[PDB]
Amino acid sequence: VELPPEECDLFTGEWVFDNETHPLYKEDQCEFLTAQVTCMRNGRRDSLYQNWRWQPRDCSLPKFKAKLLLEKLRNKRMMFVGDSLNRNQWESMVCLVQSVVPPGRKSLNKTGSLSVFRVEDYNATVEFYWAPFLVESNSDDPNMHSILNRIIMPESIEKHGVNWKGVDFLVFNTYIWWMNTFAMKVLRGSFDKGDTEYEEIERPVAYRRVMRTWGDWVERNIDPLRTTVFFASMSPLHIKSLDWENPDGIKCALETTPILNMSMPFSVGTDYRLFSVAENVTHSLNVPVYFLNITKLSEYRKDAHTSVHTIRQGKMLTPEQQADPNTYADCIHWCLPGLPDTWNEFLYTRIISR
């Protein structure tokens, strides 16, 4: 295994086709994949999206060996904290490590907000904690159905943070639920006091407030020598095919290859004001935080979304539904294997590097 230089920027590079190494697992090999993300089982027939690897400009990612990762995880906890895209990344990590773990020596247990995947022989866990805004919100139950009015408490994080203490590897995120409305709904008092009044705060201002509460929590509670902290940058959406100069497309649903032309400037609507807030706040802390800068590289992956090959309110989209991607395509979430496996190759690289 060849470790990159500390100074190699892992997030500047290009996508390279490599069906000799990628995907790092097959969909059928991973019994833990949920129906949301098993695109092939769900009817997708092209699989070239699985074959792409990310090649940094100045170095190679080291060959993924799950055993090396699991040795770094022996007697330790890795926890993904955040929204449904961090849950997508957690599912990927589960597949990546479980690839070498024999039957019976692994298990998944979901208890409320916390999902726990155990690897018995290593006494290792890969966990997901639902906190879509990081701070306390009215949307902190992962099994609550949709509401139109999401509300946050930007200075409240202690109750969530109790669940994060003692964890060895922490990967935080938060983005997609910031994007539903122009401004953010911010509670005046506290949910637990029955308060209901909120005001609307500008999206980046409320984000900065959240990131400051989070950073302070980190600074107070994390020992750098015990715990490595990561922050996964904004996972992009691909909802408008004109955004990558394909007006004849249908959202992300007709796309089976990445954007390859590096001289075509484009946007897919990512709110880079939040990216700057996150980049600054994470670099500004005493406790080091490795910023997983996955945004632009993920923007090229117009091909890797679940599209119509997924679920809706708990069941597979029908053939009739799948035939109308304009109405039913999900251009948020990602097929597994696929893009979030790359997000996890960055985590792996950093973990085996220390």
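In this text, residue numbers run from 1 along the sequence as written.
- Mean CA B-factor, 80 to 88 versus 150 to 158: the higher value falls on 150 to 158.
- Stretches 201 to 209 and 89 to 97 differ in mean CA B factor, with 201 to 209 having the higher one.
- Going by the entry's values, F191 shows the largest Cα B-factor out of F117, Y129, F169, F191.
- Across the residues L33, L292, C39, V287, the deposited record lists the maximum Cα B factor for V287.
- Among the modelled residues of the chain, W244 sits in the lowest third by CA temperature factor in this PDB entry.
- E255: CA B factor lies in the lowest third for its chain, per the PDB record.
- In the deposited entry, the Cα temperature factor of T306 sits in the bottom third of values across the chain's modelled residues.
- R312: CA B factor in the highest third of modelled residues in this chain (values from the PDB entry).
- Annotation for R74: CA B-factor lies in the middle third of the chain's modelled residues.
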